[PDB]
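In order, the protein sequences belong to chains A, B, C and D.
Mapped onto our numbering, the consecutive letters of the first sequence carry residue numbers 6 to 364.
Mapped onto our numbering, the consecutive letters of the second sequence carry residue numbers 2 to 279.
Mapped onto our numbering, the consecutive letters of the third sequence carry residue numbers 4 to 122.
Mapped onto our numbering, the consecutive letters of the fourth sequence carry residue numbers 68 to 175.
Heads up, the beta-carbon is just placed ideally off N, CA and C, and yes, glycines get one too.
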Amino acid sequence: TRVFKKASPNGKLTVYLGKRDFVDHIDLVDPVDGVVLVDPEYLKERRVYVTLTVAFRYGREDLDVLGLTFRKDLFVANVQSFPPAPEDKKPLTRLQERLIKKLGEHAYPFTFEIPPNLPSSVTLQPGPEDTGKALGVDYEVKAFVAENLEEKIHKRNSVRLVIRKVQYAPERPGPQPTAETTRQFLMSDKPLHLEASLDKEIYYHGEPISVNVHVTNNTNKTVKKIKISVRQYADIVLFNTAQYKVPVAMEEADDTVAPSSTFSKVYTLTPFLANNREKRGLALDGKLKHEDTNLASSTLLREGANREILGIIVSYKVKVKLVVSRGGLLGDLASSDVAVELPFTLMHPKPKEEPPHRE
Amino acid sequence: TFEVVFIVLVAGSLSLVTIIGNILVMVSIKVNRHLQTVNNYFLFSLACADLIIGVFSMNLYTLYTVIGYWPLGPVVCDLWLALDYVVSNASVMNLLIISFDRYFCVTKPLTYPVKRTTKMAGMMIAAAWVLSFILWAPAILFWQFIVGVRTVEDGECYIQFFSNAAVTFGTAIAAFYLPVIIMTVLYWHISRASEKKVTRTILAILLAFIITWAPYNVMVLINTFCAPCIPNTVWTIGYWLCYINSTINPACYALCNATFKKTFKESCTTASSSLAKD
Amino acid sequence: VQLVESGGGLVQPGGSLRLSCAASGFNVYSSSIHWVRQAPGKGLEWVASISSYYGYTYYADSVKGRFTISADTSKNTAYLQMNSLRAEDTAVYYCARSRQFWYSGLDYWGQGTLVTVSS
Amino acid sequence: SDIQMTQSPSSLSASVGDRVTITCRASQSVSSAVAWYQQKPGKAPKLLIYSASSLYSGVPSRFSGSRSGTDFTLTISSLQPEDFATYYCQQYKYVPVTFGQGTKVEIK
Ligand SMILES: Cc1c(Cl)c(OCC(=O)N2CCN(C)CC2)nc2sc(C(=O)NC3CC3)c(N)c12
Numbered sequence: 006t007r008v009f010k011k012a013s014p015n016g017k018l019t020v021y022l023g024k025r026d027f028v029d030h031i032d033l034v035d036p037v038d039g040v041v042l043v044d045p046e047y048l049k050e051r052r053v054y055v056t057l058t059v060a061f062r063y064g065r066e067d068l069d070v071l072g073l074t075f076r077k078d079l080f081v082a083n084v085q086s087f088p089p090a091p092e093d094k095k096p097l098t099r100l101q102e103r104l105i106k107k108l109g110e111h112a113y114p115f116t117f118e119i120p121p122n123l124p125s126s127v128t129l130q131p132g133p134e135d136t137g138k139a140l141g142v143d144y145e146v147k148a149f150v151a152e153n154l155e156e157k158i159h160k161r162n163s164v165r166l167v168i169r170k171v172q173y174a175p176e177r178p179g180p181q182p183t184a185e186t187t188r189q190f191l192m193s194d195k196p197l198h199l200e201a202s203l204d205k206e207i208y209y210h211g212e213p214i215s216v217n218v219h220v221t222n223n224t225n226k227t228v229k230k231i232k233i234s235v236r237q238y239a240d241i242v243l244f245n246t247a248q249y250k251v252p253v254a255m256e257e258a259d260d261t262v263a264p265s266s267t268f269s270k271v272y273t274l275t276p277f278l279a280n281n282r283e284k285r286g287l288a289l290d291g292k293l294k295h296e297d298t299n300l301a302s303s304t305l306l307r308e309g310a311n312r313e314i315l316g317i318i319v320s321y322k323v324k325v326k327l328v329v330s331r332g333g334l335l336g337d338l339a340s341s342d343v344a345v346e347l348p349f350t351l352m353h354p355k356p357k358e359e360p361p362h363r364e
Numbered sequence: 002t003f004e005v006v007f008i009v010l011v012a013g014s015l016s017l018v019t020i021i022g023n024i025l026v027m028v029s030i031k032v033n034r035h036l037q038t039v040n041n042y043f044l045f046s047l048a049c050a051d052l053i054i055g056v057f058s059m060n061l062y063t064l065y066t067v068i069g070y071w072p073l074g075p076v077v078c079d080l081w082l083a084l085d086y087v088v089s090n091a092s093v094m095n096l097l098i099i100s101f102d103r104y105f106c107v108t109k110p111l112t113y114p115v116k117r118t119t120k121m122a123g124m125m126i127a128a129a130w131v132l133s134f135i136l137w138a139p140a141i142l143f144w145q146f147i148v149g150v151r152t153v154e155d156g157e158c159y160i161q162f163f164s165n166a167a168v169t170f171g172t173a174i175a176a177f178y179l180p181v182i183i184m185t186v187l188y189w190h191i192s193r194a195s196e197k198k199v200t201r202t203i204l205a206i207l208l209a210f211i212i213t214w215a216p217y218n219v220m221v222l223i224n225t226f227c228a229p230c231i232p233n234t235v236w237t238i239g240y241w242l243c244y245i246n247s248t249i250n251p252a253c254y255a256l257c258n259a260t261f262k263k264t265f266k267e268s269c270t271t272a273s274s275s276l277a278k279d
Numbered sequence: 004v005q006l007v008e009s010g011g012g013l014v015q016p017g018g019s020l021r022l023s024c025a026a027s028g029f030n031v032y033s034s035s036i037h038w039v040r041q042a043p044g045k046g047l048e049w050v051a052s053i054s055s056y057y058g059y060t061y062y063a064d065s066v067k068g069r070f071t072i073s074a075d076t077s078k079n080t081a082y083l084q085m086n087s088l089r090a091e092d093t094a095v096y097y098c099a100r101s102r103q104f105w106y107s108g109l110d111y112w113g114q115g116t117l118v119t120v121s122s
Numbered sequence: 068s069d070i071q072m073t074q075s076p077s078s079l080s081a082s083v084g085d086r087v088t089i090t091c092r093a094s095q096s097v098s099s100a101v102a103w104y105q106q107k108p109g110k111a112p113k114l115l116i117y118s119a120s121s122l123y124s125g126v127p128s129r130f131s132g133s134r135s136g137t138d139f140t141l142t143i144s145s146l147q148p149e150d151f152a153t154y155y156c157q158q159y160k161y162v163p164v165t166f167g168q169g170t171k172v173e174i175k
């Protein structure tokens with residue numbers, strides 16, 4: 006079939022690699038592996054090394070903090086492709102087999118496995134102004150030559166391919182998500198009730214999300230308005246643990262309800278990036294070049310995963326708010342409200358191939 | 002008279018020394034328009050204030066210190082000495098800002114560079130200039146008109162309210178203590194997230210700063226209480242030592258600003274190929 | 004699964020007409036739209052494209068700016084006010100959906116509509 | 068640029084039960100980003116193969132095709148009467164998405 010190749014500026018170091026993506030099963034990932042070809046005449050005595058690096062930028066290199074860098078590594082691995090590691094004999098994949106068959110004798114394989122609990126390749130919306138190597142997590146594979154591992158990385162004789170690791174929707178749909186609450190106040194004993202639910206548990210990007218809500222206004226008060234929202238809780242792990250929260254989409258409704266009455270309705274709304282350009286810090290599902298990706302898909306974390314190592318984690322929650330009037334013998338436009346949240350999942354199905362920034 | 006030939010040589014020596022590098026960084030924001038950032042413009046606001054001290058203040062004070070008296074007159078100590086405080090207070094007021102980005106970035110890296118803008122950054126700069134001036138310039142000028150005659154003469158240029166222990170007890174700590182208080186805690190708290198040059202630079206910027214303005218602000222408690230036991234032989238010691246602030250401080254951060262430190266001194270394509278069938 | 008299309012007919016040169024088509028069972032935010040020309044007895048000619056989930060549109064270089072495509076999410080419909088007719092536009096026009104994620108060809112086609120420029 | 072396509076041949080007469088090939092070359096390299104569609108007279112066309120290899124779900128596997136350099140090509144394994152129609156190739160790697168001159172299947 007087709008495979009991806011790329012040769013170093015020195016024209017003599019080329020890498021061959023089948024799939025750019027590497028799907029991530031809940032506890033398994035496609036082993037990332039390829040074959041590198043070089044003109045031995047050039048290689049007087051140097052050794053050829055290929056390295057996988059999982060970097061994580063969190064501050065643009067132009068940042069002003071003295072000394073403190075902004076590029077943490079999560080996992081790197083090195084392999085001396087040539088000399089072809091006699092003691093290290095690997096079970097060459099059939100892909101490497103066929104590649105070897107095609108190219109000459111001067112090609113040599115390389116094969117990295119991946120730690121299971123690692124983040125999907127995501128990048129944070131770089132906003133209008135800044136440029137360069139964008140933020141977020143990233144996976145690269147370099148190939149170069151040197152006699153010493155710590156020696157300088159002479160640019161013209163090395164080549165690197167970016168790589169993305171992604172996940173697809175769990176084939177078995179989960180339990181239908183929902184929640185409910187009640188609120189009472191110093192006025193009387195009649196806590197109004199509020200239940201909310203979702204059509205299903207997993208949604209594909211653009212699948213219209215439908216909230217179903219019911220409310221029983223027992224108390225002698227009036228709900229002024231309703232505000233439904235879909236928010237992107239994006240946890241960032243570092244030396245510290247911080248969490249951001251960006252409202253990805255929303256809607257509101259002036260469906261007032263009288264005291265002691267009741268009401269119910271289904272609303273709907275769709276998360277989508279189009280109208281969410283300007284919001285910096287938003288998380289995107291990773292890019293190779295500046296290809297406009299889609300709203301970063303929720304990380305289907307394995308239950309009880311050791312999220313401490315996980316650089317970035319993403320999750321999407323819908324949230325319903327009922328704002329009411331506290332007026333009366335003591336009250337005005339200023340008043341309190343109720344809110345309830347339902348987490349869910351937003352991912353892709355399991356297709357047979359991905360688009361390399363086309364159309 | 003050889004010490005006179007030696008000590009007076011230090012006068013001209015430290016006079017223009019800090020004045021020279023002051024304009025250097027002050028122009029790199031305009032000349033080196035590529036090595037210049039708003040987060041680095043704050044460091045330029047330092048030299049913006051750190052210049053006048055070594056130009057007008059650190060120069061004229063040497064005259065009164067050498068002559069033994071300040072024949073320039075009280076009308077001269079009216080605005081001149083007003084500048085020294087209003088300037089030095091403004092410098093530290095800015096250095097407070099220079100200790101928040103260093104926190105905001107290192108603590109919450111994502112909100113900060115988006116939360117600010119050059120239109121809002123300028124107000125974050127000039128307010129430090131105005132606030133420190135308005136806190137000192139009129140009070141130093143009103144101290145006479147509020148109390149009457151000038152409590153100090155021009156044979157030893159001194160403070161107008163030098164004995165008014167009312168504000169001089171409070172104006173010192175407020176303008177000094179809380180700044181140095183939050184600062185040393187932050188840059189340790191910032192070090193908590195940290196690593197060779199950084200720990201070698203954190204205290205470096207810190208301990209240098211406190212070596213400058215602490216003895217003045219500390220001894221400022223003595224004059225308000227023990228005015229006669231403050232020796233004039235030492236009144237210029239700290240005054241000249243604290244004058245060294247606007248000299249080493251601009252030299253303190255060029256060590257880290259590698260981009261300005263230089264300013265003041267090829268890709269093939271990803272492609273595919275055919276793989277044969279089984 | 005179906006997809007209706009209408010809003011066409013006979014128009015005069017330079018004129019305008021908002022040919023539209025609706026997608027029964029397609030959240031527009033997951034299925035880009037395109038329109039494509041067939042000159043009667045000639046090869047198909049792509050015309051325009053809209054991708055709601057990015058707001059991007061792309062028009063035919065031949066008539067770039069001459070027409071204007073758009074969409075209506077409230078009804079899951081797509082609009083195209085063809086304007087300023089250059090006479091090379093008299094043809095049949097189809098509107099079709101991709102998968103706005105992971106383009107895999109024009110998997111579904113409305114019945115199109117014949118739109119010709121004449122006097 | 069505006070990549071052009073060349074559907075060769077431009078017409079074809081053939082017989083029932085025959086296995087037949089039709090090619091089209093691209094003015095550049097579009098890297099297998101091509102789809103083959105069918106269209107009968109009057110009716111609206113339908114996709115047949117996307118990515119130049121994968122047959123669409125809902126087609127008889129007698130259709131096939133592959134890519135060699137800038138030249139892709141499809142084949143039918145046995146021309147049923149339902150298969151006598153016009154066939155288009157169309158790349159999509161480079162906006163805008165041009166088709167080819169196409170190809171029309173006639174009776175022997
Ligand atoms: C700034 C300042 C103050 Cl605030 C000050 O206040 C202290 C005080 O109240 N007294 C009362 C009367 N005498 C006992 C003298 C000291 N005394 C001085 S003496 C000097 C200097 O040495 N100037 C240089 C020109 C010689 C100062 N800069 C200075």
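**OP:** Excluding the 5 residues preceding and the 5 following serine 73 of chain C in the sequence, name in chain order all residues of the same chain whose CB lies nearer than 6 Å to its CB.
**Re:** The residues are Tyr82.
Subject >> Neighbour-count burial assignment, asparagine 222 of chain A, 16 or more Cβ in a 10 Å radius >> reply: The residue is buried, with at least 16 neighbouring Cβ atoms inside 10 Å.
**OP:** Return the Cβ separation of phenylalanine 177 of chain B and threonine 169 of chain B in integer angstroms, given the expectation that the two are a contact with Cβ distance under 8 Å.
**Re:** The Cβ separation is near 12 Å, so there is no contact.
**OP:** Take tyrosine 209 of chain A and list the residues in its own chain whose beta-carbon comes closer than 6 Å to its own, dropping the five residues that flank it on each side.
**Re:** Take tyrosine 209 of chain A, set aside five residues on each side of it, and no residue of its chain has a beta-carbon closer than 6 Å to its own.
**OP:** Could you check which residue in D:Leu146, D:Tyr155, D:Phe166, D:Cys156 has the C-alpha nearest to that of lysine 175 of chain D?
**Re:** Cα-wise, what sits closest to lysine 175 of chain D is D:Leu146.
Original post:
Looking at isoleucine 214 of chain A and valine 235 of chain A, is the spacing between their C-beta atoms short of 9 Å?
Top reply: Remark: C-beta atoms of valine 235 of chain A and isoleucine 214 of chain A approach each other more closely than 9 Å.
**OP:** Taking 9 Å as the cut-off, decide whether the C-beta atoms of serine 77 of chain D and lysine 171 of chain D are in contact.
**Re:** Contact: yes.
Original post:
Mind checking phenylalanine 349 of chain A: buried by the 16 CB within 10 Å criterion, or exposed?
Top reply: Residue burial annotation: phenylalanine 349 of chain A is buried, with at least 16 other C-beta atoms found within 10 angstroms of its C-beta.
Original post:
Roughly how many whole angstroms lie between the Cα atoms of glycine 23 of chain A and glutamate 358 of chain A?
Top reply: C-alpha of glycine 23 of chain A to C-alpha of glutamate 358 of chain A: approximately 12 Å in a straight line.
Original post:
Within 10 angstroms of its Cβ, does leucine 154 of chain A collect 16 or more other Cβ (buried), or is it exposed?
Top reply: When all chains shown are included, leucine 154 of chain A counts as exposed.
**OP:** Go to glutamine 85 of chain A, then tell me how far its beta strand (DSSP E) extends in each direction, as first and last residue.
**Re:** It spans 76-87 - the beta strand (DSSP E) in which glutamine 85 of chain A sits, taken as one unbroken run.
Subject >> Interface partners of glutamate 267 of chain B on chain A, CB under 8 Å >> reply: Ordered by position in chain A, the residues that pass the 8 Å Cβ test against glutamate 267 of chain B are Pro14, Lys160, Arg161.
**OP:** Quick one: grab the DSSP three-state call for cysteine 91 of chain D.
**Re:** Secondary structure at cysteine 91 of chain D: strand, using DSSP grouped into helix, strand and coil.
Original post:
In the structure shown, what three-state DSSP assignment does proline 75 of chain B receive?
Top reply: The three-state reading of DSSP puts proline 75 of chain B in helix, counting H, G and I together.
**OP:** On a CA-only basis, which of A:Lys326, A:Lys229, A:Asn245, A:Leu287 is nearest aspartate 337 of chain A? Give me that one, please.
**Re:** The shortest C-alpha separation from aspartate 337 of chain A is found at A:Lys229.
Original post:
So what does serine 54 of chain C bridge to, in DSSP terms?
Top reply: According to DSSP, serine 54 of chain C bridges with C:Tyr59.
Original post:
Which chain C residues sit within Cβ distance under 9 Å of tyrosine 209 of chain A?
Top reply: Chain C residues near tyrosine 209 of chain A: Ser33, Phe104.
Original post:
In chain order, what residues place their C-beta within less than 7 Å of a heavy atom belonging to ligand 1?
Top reply: Output, sorted by chain position: B:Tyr65, B:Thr66, B:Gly69, B:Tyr70, B:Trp71, B:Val153, B:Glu157, B:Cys158, B:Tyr159, B:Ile160, B:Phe163, B:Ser164, B:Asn224, B:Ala228, B:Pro229, B:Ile231, B:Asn233, B:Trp236, B:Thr237, B:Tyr240.
Subject >> Cβ pair count under 8 Å reaching 3, the segment 7-15 of chain A against the segment 162-171 of chain A >> reply: Touching, per the Cβ criterion.
**OP:** State whether the segment 133-150 of chain B contacts the segment 66-85 of chain B, with contact taken as three or more CB pairs (one from each stretch) at a distance under 8 Å.
**Re:** Look at the beta carbons and you see the segment 133-150 of chain B touching the segment 66-85 of chain B: at least three pairs across the two are nearer than 8 Å.
Original post:
How big is the Cα-Cα spacing for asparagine 233 of chain B and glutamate 157 of chain B?
Top reply: In a straight line, the C-alpha of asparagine 233 of chain B is about 8 Å away from that of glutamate 157 of chain B.
**OP:** Decide if the segment 59-74 of chain C is in contact with the segment 266-273 of chain B; the criterion is three or more beta carbon pairs, one per stretch, under 8 Å apart.
**Re:** Short answer: they don't touch.
**OP:** May I ask you to list, following chain order, the residues of the segment 246-276 of chain B that have a beta carbon less than 7 Å from some beta carbon of chain D?
**Re:** Listed in sequence order: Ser273.
**OP:** Using only alpha-carbon positions, find the residue among C:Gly17, C:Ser65, C:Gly68 that is nearest to residue 127 of chain C.
**Re:** Past the edges of chain C, shown from 4 to 122, lies residue 127 of chain C, and the structure says nothing about it.
**OP:** Compute every distance between the C-beta of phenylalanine 57 of chain B and the non-hydrogen atoms of ligand 2, then say whether any falls below 8 Å.
**Re:** By its list of ligands, the structure shown excludes ligand 2, since it contains just ligand 1.
Original post:
CA-CA distance, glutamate 283 of chain A and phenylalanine 29 of chain C?
Top reply: Roughly 27 Å separates the two Cα atoms.
Original post:
Relative to the alpha-carbon of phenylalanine 149 of chain A, which residue among A:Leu18, A:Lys232, A:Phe27, A:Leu305 has its alpha-carbon at the smallest distance?
Top reply: The option with the nearest alpha carbon to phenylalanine 149 of chain A is A:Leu18.
Original post:
When DSSP labels each residue in this structure, what does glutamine 101 of chain A get in the three-state scheme?
Top reply: Residue state, collapsed to three classes: helix.
**OP:** State the Cα-Cα distance for the pair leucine 199 of chain A and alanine 239 of chain A, rounded to the nearest angstrom.
**Re:** The straight-line gap from Cα to Cα measures roughly 27 Å.
**OP:** Tell me the start and end of each unbroken beta strand (DSSP E) in the segment 177-221 of chain A that is at least 3 residues and wholly inside, in chain order.
**Re:** Listed in chain order, the beta strand (DSSP E) runs fully inside the segment 177-221 of chain A are 183-188, 197-203, 207-209, 214-221, counting runs of at least 3 residues.
**OP:** Could you check the C-alpha separation between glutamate 91 of chain C and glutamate 346 of chain A for me, to the nearest Å?
**Re:** Answer to the nearest angstrom: the Cα atoms are 55 Å apart.
Original post:
In chain order, which continuous runs of the beta strand (DSSP E) of length 3 or greater are located wholly inside the segment 88-150 of chain A?
Top reply: Whole beta strand (DSSP E) segments, 3+ residues: 112-117.
Original post:
Quick one: is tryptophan 112 of chain C buried, meaning 16 or more other Cβ sit within 10 Å of its Cβ, or exposed?
Top reply: Per the 10 Å Cβ criterion, buried.
Subject >> Cβ-Cβ distance between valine 142 of chain A and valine 127 of chain A below 9 Å >> reply: The Cβ atoms of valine 142 of chain A and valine 127 of chain A lie closer than 9 Å to each other.
**OP:** Leaving out five residues on either side along the sequence, give the residues of the same chain with a beta carbon under 6 Å from the beta carbon of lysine 326 of chain A.
**Re:** Contacts found: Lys232, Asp342, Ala344.
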